[PDB]
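Pasted below: coords_1.cif, mmCIF, C-alpha atoms; chains and numbers go by the auth columns.
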data_final
#
loop_
_atom_site.group_PDB
_atom_site.id
_atom_site.type_symbol
_atom_site.label_atom_id
_atom_site.label_comp_id
_atom_site.label_asym_id
_atom_site.label_seq_id
_atom_site.Cartn_x
_atom_site.Cartn_y
_atom_site.Cartn_z
_atom_site.B_iso_or_equiv
_atom_site.auth_seq_id
_atom_site.auth_asym_id
ATOM 1 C CA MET A 1 -22.605 -4.062 35.480 0.00 1 A
ATOM 2 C CA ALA A 2 -22.872 -0.532 36.865 0.00 2 A
ATOM 3 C CA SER A 3 -20.251 0.986 34.580 0.00 3 A
ATOM 4 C CA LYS A 4 -21.181 4.184 32.740 0.00 4 A
ATOM 5 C CA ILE A 5 -20.656 2.502 29.366 0.00 5 A
ATOM 6 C CA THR A 6 -23.476 0.066 29.497 0.00 6 A
ATOM 7 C CA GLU A 7 -25.863 2.971 29.602 0.00 7 A
ATOM 8 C CA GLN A 8 -24.357 4.452 26.721 0.00 8 A
ATOM 9 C CA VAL A 9 -23.513 1.435 24.965 0.00 9 A
ATOM 10 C CA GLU A 10 -27.051 0.346 25.370 0.00 10 A
ATOM 11 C CA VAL A 11 -28.553 3.612 24.670 0.00 11 A
ATOM 12 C CA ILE A 12 -26.779 4.298 21.597 0.00 12 A
ATOM 13 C CA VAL A 13 -26.801 0.662 20.744 0.00 13 A
ATOM 14 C CA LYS A 14 -30.465 1.114 20.405 0.00 14 A
ATOM 15 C CA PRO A 15 -30.647 3.785 17.638 0.00 15 A
ATOM 16 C CA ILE A 16 -27.386 2.539 16.217 0.00 16 A
ATOM 17 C CA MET A 17 -27.982 -1.254 16.355 0.00 17 A
ATOM 18 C CA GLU A 18 -31.488 -0.841 15.189 0.00 18 A
ATOM 19 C CA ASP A 19 -31.653 1.851 12.649 0.00 19 A
ATOM 20 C CA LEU A 20 -28.866 1.253 10.178 0.00 20 A
ATOM 21 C CA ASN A 21 -28.617 -1.950 12.032 0.00 21 A
ATOM 22 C CA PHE A 22 -25.066 -1.703 12.988 0.00 22 A
ATOM 23 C CA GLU A 23 -24.396 -2.310 16.651 0.00 23 A
ATOM 24 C CA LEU A 24 -22.459 -0.721 19.404 0.00 24 A
ATOM 25 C CA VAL A 25 -19.508 -2.721 20.563 0.00 25 A
ATOM 26 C CA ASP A 26 -18.870 -0.247 23.298 0.00 26 A
ATOM 27 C CA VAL A 27 -18.825 3.321 23.914 0.00 27 A
ATOM 28 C CA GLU A 28 -16.453 4.338 26.593 0.00 28 A
ATOM 29 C CA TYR A 29 -16.183 7.817 27.392 0.00 29 A
ATOM 30 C CA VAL A 30 -13.293 9.792 27.833 0.00 30 A
ATOM 31 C CA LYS A 31 -12.289 12.987 29.569 0.00 31 A
ATOM 32 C CA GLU A 32 -10.488 15.589 27.528 0.00 32 A
ATOM 33 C CA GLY A 33 -10.063 18.745 29.543 0.00 33 A
ATOM 34 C CA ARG A 34 -13.521 19.999 30.479 0.00 34 A
ATOM 35 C CA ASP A 35 -15.478 17.922 27.955 0.00 35 A
ATOM 36 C CA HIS A 36 -16.588 14.344 27.977 0.00 36 A
ATOM 37 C CA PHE A 37 -16.317 12.430 24.864 0.00 37 A
ATOM 38 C CA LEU A 38 -18.186 9.228 24.153 0.00 38 A
ATOM 39 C CA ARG A 39 -15.953 7.027 22.119 0.00 39 A
ATOM 40 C CA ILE A 40 -17.487 4.059 20.361 0.00 40 A
ATOM 41 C CA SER A 41 -16.248 0.971 18.929 0.00 41 A
ATOM 42 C CA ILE A 42 -19.092 -0.263 16.771 0.00 42 A
ATOM 43 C CA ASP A 43 -19.495 -3.430 14.779 0.00 43 A
ATOM 44 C CA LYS A 44 -21.444 -5.146 11.995 0.00 44 A
ATOM 45 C CA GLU A 45 -21.345 -8.564 10.294 0.00 45 A
ATOM 46 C CA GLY A 46 -18.748 -8.419 7.523 0.00 46 A
ATOM 47 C CA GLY A 47 -17.179 -5.229 8.796 0.00 47 A
ATOM 48 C CA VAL A 48 -17.999 -1.602 8.515 0.00 48 A
ATOM 49 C CA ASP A 49 -16.656 0.650 6.009 0.00 49 A
ATOM 50 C CA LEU A 50 -16.042 4.287 6.489 0.00 50 A
ATOM 51 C CA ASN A 51 -19.217 5.326 5.401 0.00 51 A
ATOM 52 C CA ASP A 52 -20.888 2.731 7.442 0.00 52 A
ATOM 53 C CA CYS A 53 -18.823 4.188 10.260 0.00 53 A
ATOM 54 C CA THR A 54 -20.217 7.410 9.066 0.00 54 A
ATOM 55 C CA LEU A 55 -23.549 5.720 8.938 0.00 55 A
ATOM 56 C CA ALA A 56 -23.104 4.632 12.381 0.00 56 A
ATOM 57 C CA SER A 57 -21.860 7.987 13.082 0.00 57 A
ATOM 58 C CA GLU A 58 -25.094 9.319 11.809 0.00 58 A
ATOM 59 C CA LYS A 59 -26.702 6.931 13.954 0.00 59 A
ATOM 60 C CA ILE A 60 -24.632 7.233 17.044 0.00 60 A
ATOM 61 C CA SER A 61 -24.469 10.881 16.601 0.00 61 A
ATOM 62 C CA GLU A 62 -27.604 12.020 15.022 0.00 62 A
ATOM 63 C CA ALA A 63 -29.570 9.188 16.234 0.00 63 A
ATOM 64 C CA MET A 64 -28.261 9.409 19.766 0.00 64 A
ATOM 65 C CA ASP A 65 -28.997 13.029 19.210 0.00 65 A
ATOM 66 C CA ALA A 66 -32.518 12.405 18.029 0.00 66 A
ATOM 67 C CA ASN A 67 -32.998 9.930 20.756 0.00 67 A
ATOM 68 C CA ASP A 68 -31.066 11.450 23.646 0.00 68 A
ATOM 69 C CA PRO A 69 -31.963 9.972 27.092 0.00 69 A
ATOM 70 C CA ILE A 70 -29.097 11.924 28.683 0.00 70 A
ATOM 71 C CA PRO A 71 -29.966 15.431 29.996 0.00 71 A
ATOM 72 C CA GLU A 72 -26.284 16.311 29.902 0.00 72 A
ATOM 73 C CA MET A 73 -24.645 16.747 26.600 0.00 73 A
ATOM 74 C CA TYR A 74 -21.413 15.216 25.459 0.00 74 A
ATOM 75 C CA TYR A 75 -19.489 14.640 22.372 0.00 75 A
ATOM 76 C CA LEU A 76 -20.165 11.542 20.338 0.00 76 A
ATOM 77 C CA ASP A 77 -17.185 9.840 18.794 0.00 77 A
ATOM 78 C CA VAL A 78 -17.426 7.039 16.248 0.00 78 A
ATOM 79 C CA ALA A 79 -14.959 4.290 15.646 0.00 79 A
ATOM 80 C CA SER A 80 -15.427 1.226 13.690 0.00 80 A
ATOM 81 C CA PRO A 81 -12.796 -1.008 12.007 0.00 81 A
ATOM 82 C CA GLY A 82 -12.439 -0.709 8.279 0.00 82 A
ATOM 83 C CA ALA A 83 -12.151 -3.894 6.439 0.00 83 A
ATOM 84 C CA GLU A 84 -9.393 -5.785 8.121 0.00 84 A
ATOM 85 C CA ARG A 85 -9.438 -9.170 6.367 0.00 85 A
ATOM 86 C CA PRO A 86 -5.811 -10.232 5.757 0.00 86 A
ATOM 87 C CA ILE A 87 -4.507 -10.495 2.212 0.00 87 A
ATOM 88 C CA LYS A 88 -2.875 -13.827 2.064 0.00 88 A
ATOM 89 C CA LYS A 89 -4.203 -16.561 -0.081 0.00 89 A
ATOM 90 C CA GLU A 90 -6.879 -16.069 -2.703 0.00 90 A
ATOM 91 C CA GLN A 91 -10.221 -16.161 -0.833 0.00 91 A
ATOM 92 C CA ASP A 92 -9.244 -13.605 1.801 0.00 92 A
ATOM 93 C CA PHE A 93 -7.287 -11.582 -0.619 0.00 93 A
ATOM 94 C CA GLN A 94 -10.180 -11.592 -2.964 0.00 94 A
ATOM 95 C CA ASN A 95 -12.564 -11.129 -0.181 0.00 95 A
ATOM 96 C CA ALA A 96 -10.332 -8.179 0.494 0.00 96 A
ATOM 97 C CA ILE A 97 -10.277 -7.082 -3.183 0.00 97 A
ATOM 98 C CA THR A 98 -13.570 -5.236 -3.347 0.00 98 A
ATOM 99 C CA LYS A 99 -12.182 -2.571 -1.040 0.00 99 A
ATOM 100 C CA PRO A 100 -9.031 -0.406 -1.142 0.00 100 A
ATOM 101 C CA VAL A 101 -6.326 -2.456 0.637 0.00 101 A
ATOM 102 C CA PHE A 102 -2.602 -2.233 1.322 0.00 102 A
ATOM 103 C CA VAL A 103 0.117 -4.650 0.600 0.00 103 A
ATOM 104 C CA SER A 104 3.627 -4.771 1.374 0.00 104 A
ATOM 105 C CA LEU A 105 6.377 -5.612 -0.762 0.00 105 A
ATOM 106 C CA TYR A 106 9.843 -6.306 0.585 0.00 106 A
ATOM 107 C CA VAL A 107 11.840 -5.009 -2.272 0.00 107 A
ATOM 108 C CA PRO A 108 11.678 -1.248 -2.059 0.00 108 A
ATOM 109 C CA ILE A 109 9.327 0.830 -4.085 0.00 109 A
ATOM 110 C CA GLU A 110 10.209 4.222 -2.954 0.00 110 A
ATOM 111 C CA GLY A 111 11.681 2.274 -0.133 0.00 111 A
ATOM 112 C CA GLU A 112 8.292 0.910 0.889 0.00 112 A
ATOM 113 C CA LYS A 113 6.337 -2.325 0.816 0.00 113 A
ATOM 114 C CA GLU A 114 2.819 -1.183 1.390 0.00 114 A
ATOM 115 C CA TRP A 115 0.303 0.344 -0.932 0.00 115 A
ATOM 116 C CA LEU A 116 -3.412 0.725 -0.430 0.00 116 A
ATOM 117 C CA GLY A 117 -5.882 0.946 -3.159 0.00 117 A
ATOM 118 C CA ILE A 118 -8.926 -0.649 -4.653 0.00 118 A
ATOM 119 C CA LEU A 119 -8.567 -4.166 -5.841 0.00 119 A
ATOM 120 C CA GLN A 120 -9.324 -4.178 -9.472 0.00 120 A
ATOM 121 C CA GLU A 121 -7.831 -7.496 -10.464 0.00 121 A
ATOM 122 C CA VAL A 122 -6.298 -10.444 -8.856 0.00 122 A
ATOM 123 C CA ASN A 123 -3.727 -12.697 -10.181 0.00 123 A
ATOM 124 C CA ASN A 124 -2.226 -15.755 -8.499 0.00 124 A
ATOM 125 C CA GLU A 125 1.026 -13.903 -8.951 0.00 125 A
ATOM 126 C CA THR A 126 -0.129 -10.304 -8.889 0.00 126 A
ATOM 127 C CA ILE A 127 -2.346 -7.895 -6.998 0.00 127 A
ATOM 128 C CA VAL A 128 -3.880 -5.064 -8.856 0.00 128 A
ATOM 129 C CA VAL A 129 -4.441 -1.981 -6.886 0.00 129 A
ATOM 130 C CA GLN A 130 -6.539 1.015 -7.780 0.00 130 A
ATOM 131 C CA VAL A 131 -5.491 4.494 -7.149 0.00 131 A
ATOM 132 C CA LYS A 132 -8.350 6.835 -7.701 0.00 132 A
ATOM 133 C CA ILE A 133 -7.778 10.034 -9.584 0.00 133 A
ATOM 134 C CA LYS A 134 -10.918 11.933 -9.074 0.00 134 A
ATOM 135 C CA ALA A 135 -13.119 9.518 -10.915 0.00 135 A
ATOM 136 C CA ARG A 136 -10.284 7.507 -12.415 0.00 136 A
ATOM 137 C CA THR A 137 -8.781 4.328 -11.268 0.00 137 A
ATOM 138 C CA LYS A 138 -5.383 2.870 -11.927 0.00 138 A
ATOM 139 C CA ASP A 139 -4.651 -0.584 -10.956 0.00 139 A
ATOM 140 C CA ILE A 140 -1.203 -1.350 -9.828 0.00 140 A
ATOM 141 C CA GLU A 141 0.109 -4.884 -10.035 0.00 141 A
ATOM 142 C CA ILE A 142 1.984 -6.112 -7.036 0.00 142 A
ATOM 143 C CA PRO A 143 4.208 -9.195 -7.576 0.00 143 A
ATOM 144 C CA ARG A 144 3.567 -11.673 -4.779 0.00 144 A
ATOM 145 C CA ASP A 145 7.086 -12.752 -5.108 0.00 145 A
ATOM 146 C CA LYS A 146 7.888 -9.367 -3.596 0.00 146 A
ATOM 147 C CA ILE A 147 5.106 -9.281 -1.091 0.00 147 A
ATOM 148 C CA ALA A 148 6.138 -8.865 2.466 0.00 148 A
ATOM 149 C CA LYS A 149 2.705 -8.283 3.835 0.00 149 A
ATOM 150 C CA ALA A 150 -0.775 -7.989 2.467 0.00 150 A
ATOM 151 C CA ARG A 151 -4.056 -6.826 4.092 0.00 151 A
ATOM 152 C CA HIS A 152 -7.512 -5.274 3.839 0.00 152 A
ATOM 153 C CA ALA A 153 -7.147 -1.891 5.432 0.00 153 A
ATOM 154 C CA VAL A 154 -8.226 0.912 7.707 0.00 154 A
ATOM 155 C CA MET A 155 -8.711 4.514 7.013 0.00 155 A
ATOM 156 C CA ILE A 156 -9.892 4.133 10.503 0.00 156 A
#

Transcribe the structure of this file into structure tokens.
Amino acid sequence: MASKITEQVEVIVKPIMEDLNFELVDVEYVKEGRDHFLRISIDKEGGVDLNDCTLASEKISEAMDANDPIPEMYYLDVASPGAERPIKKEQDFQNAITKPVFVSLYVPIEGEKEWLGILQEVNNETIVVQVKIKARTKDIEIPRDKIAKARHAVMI
């Protein structure tokens, strides 16, 4: 496997997989004009959140940076799926609830089905979705009877 990525993927997988213990799925590195950009999909058990992506990004970036084997310098780019567990039936929906998530309802609210926010409460019938006003939450109840689509979500 003599592709450039394995170096990278490995290299960065070391400070990244080890230190915050999230691990490099792959870093594949892309050419934008004159610069090279090392774009990473990284993973962890249970999914990464933003901040974990950040954390990885510390790690990929800062850590790669603190532990640079590469005498040339390029631009570290962090990607990592936000929680993407579908919102269907209770367990997944609930397993989705802890995070901000978006759900779709078919009958138009401002014409739209899908609203992301923090799950505050679950009903069998309803989904209660936090919008955060500074430090304030408001939980919005989504009738399942209206629900077109429901999922855990990406800020990506």

Point out the residue among A:92, A:77, A:68, A:121 with the least atom-to-atom distance to residue 41 (chain A), counting all atoms listed in the file. A:77

Please evaluate the PyMOL selection byres ((chain A and resi 79) around 6) against the structure above and give the resulting residues as a short mmCIF file (atom, residue, chain, number, x, y, z; two decimals) with C-alpha atoms, keeping the file's coordinate frame.
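part-v6.cif, written as the output of this step:
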data_model
loop_
_atom_site.label_atom_id
_atom_site.label_comp_id
_atom_site.auth_asym_id
_atom_site.auth_seq_id
_atom_site.Cartn_x
_atom_site.Cartn_y
_atom_site.Cartn_z
CA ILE A 40 -17.49 4.06 20.36
CA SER A 41 -16.25 0.97 18.93
CA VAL A 78 -17.43 7.04 16.25
CA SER A 80 -15.43 1.23 13.69
#

Name all residues at most 12 Å from residue 51 (chain A) (count all atoms listed in the file; drop same-chain ones fewer than 3 positions away) and give them as a PyMOL selection string. chain A and resi 20+22+47-48+54-59+78-83+155-156

Two-atom distance - CA of residue 27 (chain A), CA of residue 52 (chain A) (Å):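 Interatomic distance here is 16.6 Å.
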
How would you write, as a PyMOL selection string, the residues chosen by the PyMOL selection byres ((chain A and resi 5) around 10) on this structure? chain A and resi 1-4+6-11+26-29+38-40

Close residues, region 142-152 of chain A itself excluded, 7 Å, only C-alpha atoms, min 4 positions apart in chain, as a PyMOL selection string: chain A and resi 83-88+96+101-107+113+125-128

What do you get, as a ChimeraX atom specification, if you spell out every residue that the PyMOL selection byres ((chain A and resi 23) around 9) selects here? /A:12-18,20-22,24-26,42-44,56

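Minimum distance to residue 67 (chain A) across A:50, A:100, A:19, A:35 (counting only C-alpha atoms) occurs at A:19.
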
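Taking CA of residue 135 (chain A) and CA of residue 116 (chain A) as endpoints, the distance between them is 16.8 Å.
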
Interatomic distance (Å, one decimal) between CA of residue 124 (chain A) and CA of residue 138 (chain A):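 Spanning CA of residue 124 (chain A) to CA of residue 138 (chain A) is a straight-line distance of 19.2 Å.
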
Listed atoms of region 10-29 of chain A boxed along x, y and z, 5 Å each side, centre and edge lengths in Å, one decimal, as JSON:
{"center_x": -23.9, "center_y": 2.5, "center_z": 18.8, "size_x": 25.5, "size_y": 20.5, "size_z": 27.2}

Between A:45, A:36, A:99, A:133, which is the closest to residue 118 (chain A) once you count all atoms listed in the file?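 Looking at the shortest contact to residue 118 (chain A), the residue is A:99.
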
I'd like the neighbourhood of residue 94 (chain A) as a list in words, where a residue qualifies if any of its atoms comes within 9 Å (using all atoms listed in the file), though same-chain residues fewer than 4 positions away should be ignored. residues 87, 89, 90, 98, 119, 121 and 122 of chain A

Using only C-alpha atoms, pick whichever of A:49, A:93, A:75, A:131 has the shortest atom-to-atom distance to residue 34 (chain A).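 Comparing A:49, A:93, A:75, A:131 against residue 34 (chain A), the winner is A:75.
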
Generate N, CA and C atoms for region 121-133 of chain A and emit them as an mmCIF file, keeping the file's coordinate frame.
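That gives us rebuild.cif:
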data_model
loop_
_atom_site.group_PDB
_atom_site.id
_atom_site.type_symbol
_atom_site.label_atom_id
_atom_site.label_comp_id
_atom_site.auth_asym_id
_atom_site.auth_seq_id
_atom_site.Cartn_x
_atom_site.Cartn_y
_atom_site.Cartn_z
ATOM 1 N N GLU A 121 -8.038 -6.154 -9.979
ATOM 2 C CA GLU A 121 -7.831 -7.496 -10.464
ATOM 3 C C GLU A 121 -6.879 -8.250 -9.586
ATOM 4 N N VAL A 122 -7.084 -9.535 -9.598
ATOM 5 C CA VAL A 122 -6.298 -10.444 -8.856
ATOM 6 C C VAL A 122 -5.570 -11.337 -9.818
ATOM 7 N N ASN A 123 -4.289 -11.505 -9.641
ATOM 8 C CA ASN A 123 -3.727 -12.697 -10.181
ATOM 9 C C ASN A 123 -3.204 -13.603 -9.078
ATOM 10 N N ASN A 124 -2.863 -14.832 -9.435
ATOM 11 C CA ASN A 124 -2.226 -15.755 -8.499
ATOM 12 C C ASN A 124 -0.841 -15.236 -8.150
ATOM 13 N N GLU A 125 -0.310 -14.441 -9.060
ATOM 14 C CA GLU A 125 1.026 -13.903 -8.951
ATOM 15 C C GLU A 125 0.975 -12.430 -8.574
ATOM 16 N N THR A 126 -0.094 -11.749 -8.973
ATOM 17 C CA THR A 126 -0.129 -10.304 -8.889
ATOM 18 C C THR A 126 -1.371 -9.779 -8.189
ATOM 19 N N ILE A 127 -1.288 -8.533 -7.749
ATOM 20 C CA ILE A 127 -2.346 -7.895 -6.998
ATOM 21 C C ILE A 127 -2.560 -6.578 -7.674
ATOM 22 N N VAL A 128 -3.758 -6.225 -8.058
ATOM 23 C CA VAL A 128 -3.880 -5.064 -8.856
ATOM 24 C C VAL A 128 -4.729 -4.017 -8.164
ATOM 25 N N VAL A 129 -4.087 -2.898 -7.947
ATOM 26 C CA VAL A 129 -4.441 -1.981 -6.886
ATOM 27 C C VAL A 129 -4.792 -0.606 -7.430
ATOM 28 N N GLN A 130 -6.028 -0.189 -7.224
ATOM 29 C CA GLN A 130 -6.539 1.015 -7.780
ATOM 30 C C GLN A 130 -6.170 2.243 -7.001
ATOM 31 N N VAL A 131 -5.541 3.161 -7.668
ATOM 32 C CA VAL A 131 -5.491 4.494 -7.149
ATOM 33 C C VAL A 131 -6.523 5.305 -7.891
ATOM 34 N N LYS A 132 -7.225 6.127 -7.159
ATOM 35 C CA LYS A 132 -8.350 6.835 -7.701
ATOM 36 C C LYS A 132 -8.092 8.320 -7.896
ATOM 37 N N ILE A 133 -8.034 8.687 -9.153
ATOM 38 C CA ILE A 133 -7.778 10.034 -9.584
ATOM 39 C C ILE A 133 -9.086 10.661 -9.929
#
